[PDB]
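Only one structure is covered here, and it is reproduced in the block below.
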RNA sequence: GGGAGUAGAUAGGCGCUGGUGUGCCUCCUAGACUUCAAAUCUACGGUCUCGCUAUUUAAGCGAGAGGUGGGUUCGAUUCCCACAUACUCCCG
């Protein structure tokens, strides 16, 4: 892609501090990918989406979410209870 | 001010006005859109009447219930019409696509071994046979086909190309601008109108990783002009040990002189059997199939391209893949007439008048219509054959009431819509591109605009 | 207990709508009609409340609330936010 990759946190856990800590003059993007075809249980921490946006608007950095699943609507409306994100809500 | 807007009814109230008239969903959408257009028009003080409301709300409903993309009756006589969606598909293909999309299929699944398999594997069997190349591959479109070969084999290294072959096809594609983003360094040789072989051979060096030639598909040069022969560039490559990459663009799968049309347009089989290492082209041009970037050439190169992590972002969808296999199946069976684009251009001169006057027989009754059939020479190829000029019968029409300009306008707004040429206040209908079942739809749309 | 989702009336259950709310079904009461019953139909109807005249009560009349509060807006039942509550789903 031509973009330089700055990986923060660790496999199972990643707090907000990890993101905010690696920012600098070259940081042009804050990107989060949704684990679509796998999942981690046990000691595992993740950064709330709301917090990423807050961190972006603080330093003036754009936020890019690769949902992957491409869920167009809220899924709970159909009886299936999952936290799967969707465009409308994430936007 | 605040009384010229209180007027506008309630969305619950207009929803009622259309009980079974239209779906509740489409009604509320039209009411909102309409409710906002009257709030702003009265706020700026440009409306004193609201009677237009009820009539309008129903027009939005009638409009909002139709998809935007719509089949269009092409009367221009241009087979590869970049604007109208290039090469149209035969029913045979469209049903093969219909079936694979209906449910699950073995897209990335090899039924033999019961484990995942490459989806590009189904087709390539066909390409290698038809072209004669060692191996093949296919991606989204030729634009990307180019970008992939450059970033695969010339990222960071030089690529020599003639200064007369740096094209701008389409609105966003430009060899110089994409190759840049390709990571390859551009070495332009020769001059606009002329380019000998010495120009190519002169700019080679330690970084030269590719010799690339682009086919001027959407333009041509006449007058004092020189070009580098293909056999020459193959010779030059094999001398210094440099690969040859031809961007045919037209994606002509076969020799074209075999069908009566005499042109020099290059084709895969012939260009491959010439000594070129790689060749690419769009599937929706001279191949007559769905949009697809087609690459054929040496195996050691194809494998280098495939492994590139960018090929996954170009890998073709389930629709075009299937639809491309059935298009390729037709080519093996020599069912040439079955593929729209080949039939349209190789149609009998006799064949065209036969349809030219079968339409004129359907419009003699319609009121105020001045119908005449003229033999005109047009240029069929839009995105692949720039110089070609072939004879075809146009049924030139003219109404006393309305003018040619206004006529084209209403015809593009019809259902189905019809797009046609205009020449000296005489609307023209080239029969080279008109399907038979359209003739009946042509007459029924013209009688609805001049007698209404 | 911690999160999250679905949510909301001013007779009662469901659904809708940026036009000052409304449609379907039910209840109640009332009216119409019907030999009797049913059916049917209709209601700027209903709750709470407060206030006003009388004031034991009756009796007549007027107004506001949509879980609560706030905001946007010409107008919020609709939309945003905050807190509360109901139902459900996940975790300790």
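Each answer follows from the model by the rule given with it, or from the source it names; these are not laboratory values. Here Cβ is always computed from backbone atoms with ideal geometry, including for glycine, and neighbour counts include all displayed protein chains.
Remarks
- On inspection, residue B:50 does not qualify as without any contact (Cβ under 8 Å) to a residue 40 or more places away in the chain and either under 46 Å from the mean Cα position of the chain (by Cα) or near RNA strand C (Cβ under 10 Å from one of its atoms) (or both).
- Scanning segment B:362-390 for residues that are in contact with a helix residue (DSSP H, G or I) (Cβ under 6 Å, 6 or more places away or on another chain) and under 30 Å from residue B:215 (Cβ atoms) turns up just one, B:380.
- Taking segment B:348-370 as the range and being surrounded by 14 or more Cβ atoms within 10 Å (Cβ to Cβ) and either assigned by CATH to the domain that holds residue B:107 or assigned to a helix (DSSP H, G or I) (or both) as the test, the residues that pass are B:351, B:352, B:353, B:355, B:356, B:357, B:359, B:360, B:362, B:363.
- Every residue from segment B:293-309 that is touching a strand residue (DSSP E or B) at 6+ places or on another chain (Cβ under 9 Å) and surrounded by 14 or more Cβ atoms within 10 Å (Cβ to Cβ): B:293, B:294, B:295, B:296, B:297, B:298, B:301, B:302, B:305, B:306
- Selection within segment B:30-41 - crowded, with 17+ Cβ neighbours inside 10 Å and near RNA strand C (Cβ under 9 Å from one of its atoms): B:31, B:35, B:38
- Residues considered: B:110, B:102, B:74. Of these, the only one that is away from RNA strand C (no atom under 16 Å from the Cβ), loosely packed, with under 12 Cβ neighbours inside 10 Å and away from chain A (no Cβ under 14 Å) is B:102.
- Residue, nearest to residue B:374 (Cα to Cα), within segment B:430-452, restricted to residues that are in a loop (DSSP other than H, G, I, E, B) and out of contact with any helix residue (DSSP H, G or I) (no Cβ under 7 Å at 6 or more places or on another chain): B:435
- Any hit, segment B:14-27, residues being in contact (Cβ under 8 Å) with a residue 60 or more places away in the chain, more than 9 Å from RNA strand C (Cβ to nearest atom) and surrounded by 13 or more Cβ atoms within 10 Å (Cβ to Cβ): no
- Flag if residue B:89 is crowded, with 17+ Cβ neighbours inside 10 Å and in the same structural domain as residue B:287 (by CATH): yes
- Comparison of B:86, B:116, B:59 shows that the only residue that is away from RNA strand C (no atom under 16 Å from the Cβ) and within 14 Å of chain A (Cβ to nearest Cβ) is B:116.
- The residues in segment B:202-229 that are part of a helix (DSSP H, G or I) and either surrounded by 18 or more Cβ atoms within 10 Å (Cβ to Cβ) or outside the structural domain of residue B:169 (by CATH) (or both) can be counted, and the count is 0.
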